[PDB]
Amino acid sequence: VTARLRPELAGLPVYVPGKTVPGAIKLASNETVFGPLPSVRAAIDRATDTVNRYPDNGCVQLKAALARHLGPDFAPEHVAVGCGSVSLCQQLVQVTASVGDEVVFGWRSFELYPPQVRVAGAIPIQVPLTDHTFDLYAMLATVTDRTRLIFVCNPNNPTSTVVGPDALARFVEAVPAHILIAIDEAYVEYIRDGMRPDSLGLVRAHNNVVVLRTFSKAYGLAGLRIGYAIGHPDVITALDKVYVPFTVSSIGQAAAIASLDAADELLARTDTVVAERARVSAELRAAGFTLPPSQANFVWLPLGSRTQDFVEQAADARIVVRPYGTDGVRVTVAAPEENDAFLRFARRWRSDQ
């Protein structure tokens, strides 16, 4: 006899992380390539002095720094902080959804969403993409009385694309006002070409809109786990009710504050990533690959049934890229020498096809 566990656990689609392989360049987790700035390193060591003490459960000084960086329309009451935006995704489910409820999102999208929804006893409504892009029209139509939460992943992980900014505004305006809408903006700092939506204006104009952002990519703290949500104080308060206490570490909070102080410097680096993104995209298309327009720090190769082969052969060339079933491969844009290694491999692989 064994302990009786919940029946939902069997076949639960557990999250599978990007691999780390000795000897290989990693283009599978959308990480930026630079270690911490001197001031960030200093804050980590300063926080290390008092590691025997619990963190601030409320991340008070971080919220004050985030509110200031968000501008005059936002105060700390509009900000929740979580142990990665992955934690905030679960907290959103925990404040909205229970047994038999529905959570709507585009698919393929962040692989985190389905299992977290299922843990709540709710059902994920996975709405197909159109041209590798969230289909807001289709998502709206599938709303029912039991729809408790909607995720819009923008830019989308793993397809890299963004919806039209005006289209997003129309969507939010059309959704029944009682349904929480979470706009996942993990990659927002990489959006160019006038495609960034007025996400903060949407949270101002609508009490049911919450925006998720992260320190893991542009701010370079994927190792330390700081995500934040921007929303209406009632929603922020609810998220803080289900927050697992102390999960955002002291060192994480201090490192995040120091990163905010260096934001001009850190955000300027995204311009370089975007330049490589354009170059990687141009070279891949010149080789004969087709891929959608990326607004993130990665590209999406919809290789279908060939994704497994591409990834295995990439591994043989000491390059780690990220497979998504039989849909495609997500390739991070990183250092120029890593991007060149990937491009050389990609040309060679497609020639062999």
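When you see a residue number, it is the position in the sequence shown, counting from 1.
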item: Higher-B stretch (mean Cα B-factor, as the entry records it), 220 to 228 or 273 to 281; value: 273 to 281
item: Comparing 282 to 290 with 22 to 30, the one whose average Cα B-factor in the PDB entry is higher; value: 282 to 290
item: Position of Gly35 among the chain's modelled residues by C-alpha B-factor, lowest, middle or highest third; value: middle
item: Assigned third (lowest, middle, highest) for the C-alpha B factor of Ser305; value: highest
item: Chain third (lowest, middle, highest) by recorded CA B-factor, residue given as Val331; value: lowest
item: Chain-relative CA temperature factor third for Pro245; value: lowest
item: Relative C-alpha B-factor of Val95, binned into the chain's lowest, middle or highest third; value: lowest
